[PDB]
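Survey of secondary and tertiary structure
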Amino acid sequence: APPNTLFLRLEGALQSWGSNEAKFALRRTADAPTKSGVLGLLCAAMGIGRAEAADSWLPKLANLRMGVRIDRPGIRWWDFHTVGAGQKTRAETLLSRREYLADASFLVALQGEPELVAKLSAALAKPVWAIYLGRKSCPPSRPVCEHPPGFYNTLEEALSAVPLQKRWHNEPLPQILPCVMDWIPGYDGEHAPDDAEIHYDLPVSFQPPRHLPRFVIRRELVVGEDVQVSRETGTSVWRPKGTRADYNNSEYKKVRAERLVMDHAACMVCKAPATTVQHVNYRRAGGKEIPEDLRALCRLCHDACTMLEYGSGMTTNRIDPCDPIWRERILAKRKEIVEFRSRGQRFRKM
Amino acid sequence: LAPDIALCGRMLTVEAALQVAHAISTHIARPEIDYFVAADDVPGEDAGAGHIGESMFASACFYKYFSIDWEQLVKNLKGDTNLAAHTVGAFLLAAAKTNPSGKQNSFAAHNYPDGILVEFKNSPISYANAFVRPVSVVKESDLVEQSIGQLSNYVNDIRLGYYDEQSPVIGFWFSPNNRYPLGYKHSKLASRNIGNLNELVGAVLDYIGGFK
Amino acid sequence: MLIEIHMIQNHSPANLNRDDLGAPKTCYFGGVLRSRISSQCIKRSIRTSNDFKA
Amino acid sequence: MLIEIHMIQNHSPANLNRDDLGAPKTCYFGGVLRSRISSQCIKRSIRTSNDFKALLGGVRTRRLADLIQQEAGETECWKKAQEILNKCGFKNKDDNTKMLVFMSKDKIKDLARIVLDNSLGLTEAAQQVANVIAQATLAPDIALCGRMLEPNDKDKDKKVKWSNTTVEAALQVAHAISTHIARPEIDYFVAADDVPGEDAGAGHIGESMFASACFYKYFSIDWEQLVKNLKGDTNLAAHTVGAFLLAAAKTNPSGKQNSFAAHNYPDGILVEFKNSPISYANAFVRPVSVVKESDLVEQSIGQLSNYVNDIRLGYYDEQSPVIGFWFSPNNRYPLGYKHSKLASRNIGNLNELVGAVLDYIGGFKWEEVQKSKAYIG
Amino acid sequence: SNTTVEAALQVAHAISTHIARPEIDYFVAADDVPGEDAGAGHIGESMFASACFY
Amino acid sequence: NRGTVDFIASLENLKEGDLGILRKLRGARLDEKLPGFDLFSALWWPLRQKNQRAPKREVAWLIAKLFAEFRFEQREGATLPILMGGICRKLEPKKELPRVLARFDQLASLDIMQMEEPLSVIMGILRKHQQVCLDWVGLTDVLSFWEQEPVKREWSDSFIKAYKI
Amino acid sequence: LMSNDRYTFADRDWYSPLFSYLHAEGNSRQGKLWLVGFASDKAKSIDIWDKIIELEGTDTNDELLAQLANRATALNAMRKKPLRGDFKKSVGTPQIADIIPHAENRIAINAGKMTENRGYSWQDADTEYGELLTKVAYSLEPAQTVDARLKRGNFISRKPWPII
Ligand SMILES: [Zn+2]
């Protein structure tokens, strides 16, 4: 089946779709992408300049029906923007305020002719020029060409075949999804209904910018009956590995014996029958260590090594007994253990 | 034919190439206040009339995003590809070693980036969705390493989901003396992890067309 | 071709952008408040710079 | 050319800077709580010291009429001096106080000779004192901190003409931050009655707050800006640079010092000449934590050396290198862990360090630049 | 009039030259006249320490 | 956890001699005196070699010393913030309550090495108000995972819930 | 455009003229009301906007309507209060001023009910600031201690105060 509709995902950290009430200094977003807004994004996708687009490309593109579904309705944030005149000639500074929509997501569906939709979707996979969201200081956070086309039906049906993506586990959700749709003719309701508002977003020209009124209707959707909630992919919260060493799984129990044969049953520093193994590099533990990470030791020398690294703040690189810099401290601790230990206490505890 | 007009745009058609976006921090904003007092050099010891004021400051770890249109820049220079490459390198140096001048005579926050990633792709994107969870600091980490780790996780997820389709992506992760690698294994999360700004500029320039 | 540059930059306690009142510029993303340095502030620092003049 | 100074200091339990509530000043860095000394405290405590005495050519006050009155030895013109100052543009804020004016101590004689003159009017007197105030920007302390004087105009009758009263600063002092987490503590005090016979009893536990910290301090001086600020005096600029370094090395903010007495000294001073300013505060995004055997200062210096080495290997360009000297008291604390040395010199005396700094800056000598003496009073 | 005199003596707090080791003393008061020795209680807590001060 | 429960049971299995051995060593490290090292090793090492999520050496040493000087019977639902909230809502709110609140709030800015003495102060306050029970296991887990934010949030939330009854 | 003393920028001054027009032979319904507002200082023009209002309600008490036509002063008094109490001339909390234009745009959805108190009230509108003042307080008092929790609890309770 030939494609009928086209899907656009508009979501970023900041975005702003200006309205006609922005006349002198205060620039305001309306609530949602407009027809003239998205049909400058499509025009910049196929590389059509401000001239040569009004006479040819705009009338065919304006012959479309589009609807916007709103999730994360956005929080309006204002910005104090100053333009420095000078740095006519004066040292004056012009002040203005600009409005942005923070943390918003919009799904736009444009329905029309099949091959025009195919050309538009082919253009969106590699846009000719830079693509932003309303103003050039607002890049998208998700790819615009993220959902495939299809031979769907009228805009309410086209705004139901997209899942509602989430981002983390306890992400709050709205039960209602308001949607804004273009009015539809048909000669039964040939006159505009009572609940229809008027928007000035029908583009004709861009360099001497020209906009025409367009009747706009509003509807609603409910999650669970029309749109199914999806789930996030990947991992968001990042934590260091930090694998605590285990002395009970089979892999470490075989690696330890392999190391105890690699050194011929001799403690490394004092050269006595080794009964234990001490790690050096800790960033392999949990059952993935290599025999080169481990060094064989006896009870006295490993107790001295444990004493020497109790509160030293060593995370991954621990004491290496083969290092000839740690020899003196290990020998002194061994002498202290020989002088002060009591075998009776250890024999009594076990 | 000046670089300052073709790349940045008009002084005050001539469509530019830069897409400097708003720099948004990767954690909870923590505004702090300062109670300064305009002290008097002459002692006087009379007529106090307290001079308590307030000035707000903050400290944050910002994620900054930039884009450059190569075709638009080339059309702006009408064919001087060497000049275009030189301007790209100059911007790569400048945007890395330049800070805003707001209140730097009292705070002097002359810090340097802790990691720059240069990518080439067809569609545009911004990794702002990586820090949808504010970064919480733990015992064996700092804020910078955790921000870089979250960026690595998002890059891993994107390259697992959005890749192939006869369009492989290329990364050029950089860090000063490689103190902050972008993840561990996973094909190093990008191409070569290099530790010098000049090497990064050279790598990008030699990737674009084998320039100088 | 579309070159993209991403940077992570930790800053000392400072005040690099201001509202009309004096506070640092902020924004909202992810359910919290985040400190923000505006787009037109960064473009003005990159332009008219001694690095970009040399 | 920029001269940067990075210092590591450790302080005894004290309270060198407090807010309106009396608690020591803190801040947030790296997601943890640090301890802070405000930059305006460091600048004031440096410029008002026994080491910066010869270069204190500026003054900051609202009572300029009192200065005019004390400059003479008669009944003076105190009321009409305040009337002239009201005519100037230093209007009373909410009909109270004045506006801060930074001016040289040299040019007050012109103010005395102009205000007292009777062969003129109030408007011309106001214009003349405004003109001489706008040309009082030649002092070592005004050449570093910078100035910005702007009247509210609410009293500008389009009769007093003003000029370029702003002086671009040459010295940028950062807020000092602790290299570790902040641990504030509360000292509890009771004021005791001297009379042995009280015949009463009631709890009167007071509340004082203090903290001890290892501070990292950062300074920056623009050499080319100092020449323009001082109109082209290389000797005066060199003397100011040397005296500022010597004062910053051996001074502390005079906070609650009669009860805590925490006159400590830095354990490391690194002075570097650069083309663009760089701060090393990112060394301490990970806080310094003590271990079984460690100085806090030694660990802090090791972290500083690690980050300095990382920056030098990372942001390296042969077009403009950086050369720096590292000073410790009798080489008590070497830069690092006796490995990966970076500093081009290892000084062990502060005077030799200042002499080497001046020698690199202009080939001057410290015993030679002391001849450039500013206003002392 | 002026009732402020600048102090000519600076005294610092005395800190020990080693890690402090606080200790607890468990006193119990004794009744001189004999009574009932069935859980006399009064296990007290007196904190004290010995240190080499600077 | 199970290593923590076994560790607490082993600590309560001790007699007066070993408790005195641990009591003589308050304010000291682990690598200083041989009898304390031997006793703690013989009490802790089999549990560490069996259970992978046993408490770390520093945390276990701190709990051992605190149990030595401040012997409290193990009970569930008697966490430190709950008892501090129960005690704190009995004093005047002008002088004493801010002092005890500051003492309790000092703990958030300390790491695990420099925390024996403030915890000893808090447990001395608990002992002065005739307390004979404590949750050693929950305190051990909280100290094991301390630098995180949710653990401190739950600590302060439990304190508020006990204080505002 | 600028926020100064005695004015905090909140946008959409629809509440200002809804007293005088509803006081002189205008207390009817006549369908829906439409306000056209042009703002300028001396010679320089600042802004032009318009607002539609569903006004099919009944009459209203004069006191509550006069309190409604004082929201600019109420919000300025909200913003001017400092964090811990310093007075003098402080700008109060500027972070509150960033969230005011979003909360006022949510209130303006139910602007017909708000005027005639037919389902809305000032105390009903005070609950809109609760969702955002918690997010502001998590930034203003970021410590995980106990006094910080009490400070957040006291800061959350800020509401505009109707004055005439
Ligand atoms: Zn051995």
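Up top is the structure.
Now for a look at the structure at hand.

Some thoughts on the packing of helix α1 (residues 35-45) of chain A against helix α3 (residues 114-124) of chain A
Residue and element names in this part refer to chain A. It is the contact of α1 with α3, at a shortest axis distance of 9 Å, that shows an interaxial angle of 70°. With respect to their mutual orientation, α1 and α3 come out roughly perpendicular. Two secondary-structure elements touch here, α1 through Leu41, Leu42 and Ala45 and α3 through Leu120, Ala123 and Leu124. Within the contact of α1 with α3, the residues separate by chemical class into 6 nonpolar, no polar and no charged.

With respect to the packing of helix α4 (residues 57-69) of chain F against helix α7 (residues 116-128) of chain F
Residue and element names in this part refer to chain F. At their nearest, the axes of α4 and α7 sit 11 Å apart, and the two run at 30° to each other. By the criterion of interaxial angle, the relationship of α4 to α7 is roughly parallel. Seen from above, α4 lies across α7 with right-handed handedness. Counted together, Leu62, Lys65, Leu66 and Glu69 of α4 and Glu116, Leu119, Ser120, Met123 and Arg127 of α7 form the full contact between these two elements.

Some details on the interface of chain B and chain A
Chain B puts 33 residues into the contact, and the matching count from chain A is 37 residues. Surface buried jointly by chain B and chain A totals about 2900 Å² across both partners, of which 59% is contributed by carbon and sulfur atoms. Linking chain B to chain A there are 1 salt bridge. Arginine 50 of chain A is the salt-bridge partner of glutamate 15 of chain B, the closest N and O atoms lying 2.4 Å from each other. Applying the counting rule to chain B against chain A returns 5 residue pairs in polar contact. Contributions of two or more residues to the side of chain B that touches chain A are made by β4 (61-69) and α4 (143-161) of chain B. Split by residue class, the side of chain B that touches chain A holds 14 nonpolar, 13 polar and 6 charged.

A few points about the coordination of the zinc ion
Residues and elements named next belong to chain A. Protein ligation of the zinc ion involves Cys267 (SG), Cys270 (SG), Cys298 (SG) and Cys301 (SG), the donor distances falling in the range 2.3 Å. Viewed at the metal, the 4 donor atoms of the zinc ion are separated by angles of 108 to 111°, and the geometry they form is tetrahedral. Each donor residue of the zinc ion lies on one chain, and together they are spaced C-x2-C-x27-C-x2-C. Of this pair, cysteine 267 sits in the loop between α5 (250-262) and β8 (276-279) while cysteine 301 sits in helix α6 (residues 299-308), and the two are 34 residues apart along the sequence.

So, the interface of chain B and chain C
Taken together, the contact pairs 72 residues of chain B with 40 residues of chain C. Together, the buried faces of chain B and chain C total about 5700 Å²; carbon and sulfur atoms form 63% of this surface. Remark: the boundary between chain B and chain C carries 0 salt bridges. Here chain B is connected to chain C by 24 residue pairs in polar contact. Of all the secondary structure elements, the ones that give two or more residues to the side of chain B that touches chain C are β1 (23-25), β3 (55-57), β4, α3 (81-94), β5 (116-120), α4 and α5 (197-208) of chain B. If one sorts the elements of the side of chain B that touches chain C by residue count, β4 of chain B sits on top with 9 residues. Each residue belonging to the side of chain B that touches chain C can be placed in one class, and the counts come to 47 nonpolar, 16 polar and 9 charged.

How each quantity is defined
Residues numbered from 1 in each chain as written, not as in the entry; some residues may be left out. Chains lettered and ligands numbered in written order. Part of a larger assembly, values for the part shown. Heavy atoms only, no water. Residues with missing side-chain atoms left out of burial classes, pairs and counts. Axes fitted to C-alpha atoms, helices over the stretch in contact; angles between N-to-C directions. Helix = DSSP H or I, 4+ residues; strand = E, 2+ residues; numbered from the N terminus. Parallel < 35°, antiparallel > 145°, perpendicular 65-115°, else oblique. Contact = heavy atoms within 4.5 Å. Nonpolar A, V, L, I, M, F, W, Y, C, P; charged D, E, K, R; others polar. Left-handed = near helix turned anticlockwise from the far one by under 90°. Buried area = accessible area lost by both parts, 1.4 Å probe. Salt bridge = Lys/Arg side-chain N within 4 Å of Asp/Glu carboxyl O. Polar contact = N/O pair within 3.5 Å; in protein donor to acceptor, adjacent residues only side chain to side chain. Donors = N, O, S within 2.8 Å, 3.2 Å for Na, K, Ca; no water. Tetrahedral: all angles 85-135°; square planar, octahedral: opposite > 155°, others 65-115°.

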